[PDB]
Amino acid sequence: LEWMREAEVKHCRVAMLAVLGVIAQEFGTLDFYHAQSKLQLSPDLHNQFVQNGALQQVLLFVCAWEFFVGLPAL
Amino acid sequence: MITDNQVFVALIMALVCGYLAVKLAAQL
Amino acid sequence: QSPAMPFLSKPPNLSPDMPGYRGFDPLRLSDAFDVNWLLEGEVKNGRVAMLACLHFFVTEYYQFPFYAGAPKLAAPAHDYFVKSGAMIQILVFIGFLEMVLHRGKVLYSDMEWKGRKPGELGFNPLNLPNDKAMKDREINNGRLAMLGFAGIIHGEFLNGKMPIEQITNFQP
Amino acid sequence: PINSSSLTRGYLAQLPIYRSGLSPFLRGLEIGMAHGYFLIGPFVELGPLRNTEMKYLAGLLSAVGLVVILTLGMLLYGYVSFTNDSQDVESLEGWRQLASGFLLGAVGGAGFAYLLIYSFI
Amino acid sequence: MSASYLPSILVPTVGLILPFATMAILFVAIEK
Amino acid sequence: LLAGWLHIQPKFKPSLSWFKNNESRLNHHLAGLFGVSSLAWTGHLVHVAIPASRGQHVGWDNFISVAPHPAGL
Ligand code: CLA
Ligand code: CLA
Ligand code: CLA
Ligand code: CLA
Ligand SMILES: CC1=C(/C=C/C(C)=C/C=C/C(C)=C/C=C/C=C(C)/C=C/C=C(C)/C=C/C2=C(C)C[C@@H](O)CC2(C)C)C(C)(C)C[C@H](O)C1
Ligand SMILES: CC1=C(/C=C/C(C)=C/C=C/C(C)=C\C=C/C=C(C)/C=C/C=C(C)/C=C/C2=C(C)C[C@@H](O)CC2(C)C)C(C)(C)C[C@H](O)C1
Ligand SMILES: CC1=C(/C=C/C(C)=C/C=C/C(C)=C/C=C/C=C(C)/C=C/C=C(C)/C=C/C2=C(C)CCCC2(C)C)C(C)(C)CCC1
Ligand SMILES: CC1=C(/C=C/C(C)=C/C=C/C(C)=C/C=C/C=C(C)/C=C/C=C(C)/C=C/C2=C(C)CCCC2(C)C)C(C)(C)CCC1
């Protein structure tokens, strides 16, 4: 149950940021991030911000958190 | 071509496997 | 229970008496290794990184006359002084100091702390106050120097740029 | 003069490992100096860089390399063999001081052999 | 290769330093 | 390595009765380990390998959009 609860609450917090992220990014994106796709949950946009190195950067600190905080916490 | 960064990213993930391997080894 | 990470339990083998204690050990390396070794390793890695951070800061508006005409970038410098045969003299001298300061007991199996807390290598010629919060001041400067040094060399590898030039007005 | 016992044990008695009066460190130091000095020879003259400019440097560094392995070997032996600790050589503290003597001696002995061959090349 | 220096550090490490450390560690482990 | 470590922690050590559940292990290993692996692998051949064989790049970047057959499902 402790595992499943950790997973549910983790999914809850990731999903909530992601749903608000989509809505916020739809309303307006930053200029220097030249977002060609207006569809936020498209492969086209995902692929762009992997190549920009934006999702590469947040992957690093998410992976950092999960290994140094999330895994000890679990 | 595989960049210096890609080779070093591989090494940190191999380090993580090292950590988790030692954890398993120590318990077994 | 851990002051630094209250959601995690306190690392048992750590203690508040140890200098720079926040109870910060999420990986629990203090369970895997003897604290006295880790403590000694921390302060040493610090003291070495401290000198390394100064080395880069001084050899930038200077480079000692008699060694003039050498690149101040990390990897080119390393390659130059190894070819010169200066780094091999430094290696043996550091090797000498390591054996002298630890008095023979250099191994993780051998190194002991009879009448010396970790870090106390018996080097205080000026005789400044030691047994106080001065150990925490060494640790904080050492910890900052270790991250500092890491920030210098990675900046030196990224865009081949000087430590002091980076903090002017530059983005990639 | 018996030869088998008298000259044998008489000589052996005066060797640094056996000689009365010496601290473990000075026994080590003397043993080191003797070994470091001669050990450079094979590496200098028969090593892979013997016909290069690095002939002597390569010879010295190799000798220091070997001496480090020997000293680590010494330290491991002492740690395993001596759970008890005392001032005598056959003890944890004494064996570590002997090892310290040997390493200093052998690096210095190697260095001294390198200095003489450069002095009288 | 890109990081053509790495074999100069890792082959000695895996080939000399780590085997000596492992032999040393196992020696103490099986003799205590 | 995490799974290995987890399953020798007291709460995650499976019971002897679990290990001797023959019928369950066979169902799962047949339908899941062999069956679904072969089904999923078919997916790879149809979506990635066969396209690659015909000079059509299908990868993680585009596989959602690029149908492996014109007629679809
Ligand atoms: C077993 C016999 C044998 C011998 C004599 C040699 C000899 C040599 N090898 Mg080879 N080698 C061998 C087997 C051998 N090898 C094997 C089985 C392999 C595995 C494939 C190799 C692989 C190999 C490589 C990869 C290399 C060599 C190299 C060498 C040279 C330098 C080695 C060196 O510096 O030694 C160091 C020697 C010592 C530290 C001491 C030797 C023993 C001393 C002299 C004994 C003295 C005892 C004394 C008389 C007692 C007196 C006591 C009291 C009365 C005072 C030398 C010509 C190197 C070379 O460059 O070739 C030209 C090199 O790079 N060898
Ligand atoms: C991955 C495993 C590995 C690696 C990287 C090496 C590397 C080397 N071996 Mg080989 N060797 C190995 C396994 C390995 N060995 C095994 C398993 C055997 C048994 C079959 C051998 C048998 C062998 C022989 C017989 C010889 C070599 C030699 C060499 C050197 C030849 C290059 C040269 O010209 O240097 C020339 C020498 C130098 C540039 C001086 C450097 C010597 C060391 C690195 C001194 C470092 C001192 C330092 C302060 C303290 C660290 C010591 C130690 C803990 C590393 C090179 C260092 C030759 C050699 O010269 O060795 C001394 C040689 O004669 N090897
Ligand atoms: C869907 C459910 C499922 C799945 C996927 C698995 C999977 C696995 N379980 Mg099982 N297990 C399950 C349910 C499942 N289990 C249930 C319900 C129970 C309790 C009733 C168990 C009880 C159990 C125990 C006690 C053990 C396992 C073990 C295993 C592992 C076996 C080793 C292996 O990796 O084989 C891989 C197998 C295949 C890929 C199948 C095909 C292999 C054949 C030979 C086909 C030939 C190859 C083919 C042509 C491909 C070529 C590839 C390429 C090179 C070209 C595997 C990961 C073992 C283990 O290792 O745990 C860590 C183990 O000890 N399981
Ligand atoms: C037995 C089943 C199987 C096997 C062995 C492979 C093997 C491979 N696939 Mg294929 N693939 C499969 C089924 C399989 N696939 C299925 C069912 C589909 C959907 C139709 C695909 C669609 C697909 C695409 C689009 C691509 C691949 C690619 C690859 C190659 C690299 C994969 C990689 O980096 O992951 C490393 C291994 C893992 C991460 C293993 C753990 C599996 C995790 C836990 C499950 C998650 C699956 C996946 C990684 C992420 C899902 C993405 C999501 C949007 C659905 C490798 C040859 C890539 C390639 O480069 O092609 C040449 C590539 O771009 N595959
Ligand atoms: C990342 C990077 C940055 C780097 C800055 C980073 C954070 C700073 C890290 C450096 C540290 C703090 C140096 C540590 C100081 C060390 C000094 C050299 C100590 C002197 C000697 C003492 C006092 C003790 C010895 C003695 C003791 C035993 C006591 C007595 O016996 C007397 C003596 C004998 C002196 C920027 C900001 C530049 C920007 C750039 O873009 C990228
Ligand atoms: C606390 C701990 C954590 C760890 C925290 C993390 C940030 C610690 C990482 C430490 C790093 C950054 C040390 C790096 C610096 C240390 C060394 C010793 C620097 C010596 C360099 C010199 C000696 C080179 C001479 C050079 C000179 C000067 C000039 C050049 O030209 C040539 C060269 C040759 C390069 C966690 C998160 C893992 C969890 C765990 O549970 C608890
Ligand atoms: C971070 C960084 C760095 C570093 C890094 C490195 C150096 C790395 C390393 C790495 C490594 C070094 C890794 C390792 C690994 C390991 C592993 C991964 C292992 C494995 C194992 C296993 C898997 C198993 C085993 C076993 C056995 C055999 C016995 C007992 C049991 C068991 C099963 C456990 C540098 C400097 C670049 C800089 C930048 C940053
Ligand atoms: C042939 C013969 C023989 C043989 C021989 C032999 C065996 C010899 C050997 C010899 C030897 C083997 C020698 C050696 C020597 C050595 C030396 C002489 C050294 C010294 C050193 C020094 C001088 C210094 C040091 C140092 C330094 C430099 C630095 C710091 C540290 C120290 C202090 C340590 C016999 C007799 C049997 C018989 C007859 C014939």
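To find a chain, count down the sequence lines: A is the first, B the second, and so on, and within it residues start at 1. All heavy atoms count here, side chains included; hydrogens, waters and symmetry mates do not. Just follow the structure's listing: the first ligand is 1, and inside any ligand the first atom is 1.
Interface atoms of ligand 5 facing C:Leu54, defined by a heavy-atom separation under 4.0 Å, are 18 (C). Taking every heavy atom of C:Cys53 and a limit of under 4.0 angstrom, the matching atoms of ligand 5 come to 9 (C), 10 (C). Applying the 4.0 Å criterion to heavy atoms of D:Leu61 picks out, from ligand 2, the atoms 40 (C), 45 (C), 47 (C). In the vicinity of E:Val11, heavy-atom distances shorter than 4.0 Å reach the ligand 2 atoms 1 (C). When each atom of ligand 5 is checked for a heavy atom of C:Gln166 under 4.0 Å away, the hits are 41 (O). Every atom of ligand 5 is numbered from 1 in the order shown, and the set under 4.0 Å from a heavy atom of C:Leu128 is 29 (C), 30 (C). The distance from ligand 2 to the heavy atoms of E:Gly15 drops below 4.0 Å at these ligand atoms: 1 (C), 2 (C).
Among protein heavy atoms, the minimum distance from atom 53 (C) of ligand 2 is reached at D:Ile69 CD1, 4.3 Å. In this structure, atom 7 (C) of ligand 5 lies nearest to the protein heavy atom C:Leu144 CD2, 3.6 Å. Given atom 2 (C) of ligand 5, the protein heavy atom at minimum distance is C:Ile152 CG1, 4.3 Å. Here the protein heavy atom with the shortest distance to atom 15 (C) of ligand 5 is C:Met50 SD, 4.1 Å. The closest protein non-hydrogen atom to atom 7 (C) of ligand 2 is E:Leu16 CD1, 4.6 Å. Looking only at heavy atoms of the protein, atom 49 (C) of ligand 2 is closest to C:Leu91 CD2, 4.0 Å. Nearest protein heavy-atom contact of atom 50 (C) of ligand 2 is D:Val68 CG2, 4.1 Å. Looking only at protein heavy atoms, the nearest one to atom 33 (C) of ligand 2 is D:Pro48 CG, 3.8 Å. Counting only heavy atoms of the protein, atom 52 (C) of ligand 2 lies nearest to D:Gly65 CA, 3.7 Å.
Within the 4.0 Å heavy-atom criterion, the part of C:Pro163 lying near ligand 5 is the backbone and not the side chain. Neither the backbone nor the side chain of C:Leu147 comes within 4.0 Å of ligand 5, counting heavy atoms alone.
Near ligand 8, residues D:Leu29, D:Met33, D:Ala34, D:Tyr37, D:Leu104, D:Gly105, D:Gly108, D:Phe112 come within 4.0 angstrom through at least one heavy atom.
Annotation: side chain of C:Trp113 is in contact with side chain of C:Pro118 (closest heavy-atom distance under 4.5 Å).
For the 3.5 Å distance criterion, the side chains of C:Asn36 and C:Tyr108 fail to qualify, holding no donor opposite an acceptor. Using modelled atom types and a 3.5 Å distance limit, the side chains of B:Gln6 and B:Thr3 yield a donor-acceptor pair.
The heavy atom nearest to atom 5 (C) of ligand 5, out of those in C:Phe149, C:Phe123, C:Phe57, C:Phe170, is found in C:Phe57. Across C:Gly46, C:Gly148, C:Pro129, C:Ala145, heavy-atom proximity to atom 11 (C) of ligand 5 is greatest for C:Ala145.
Not counting sequence neighbours, the partners of C:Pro12 by the side chain to side chain contact (heavy atoms under 4.5 Å, CB included) test are C:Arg28, C:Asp31.
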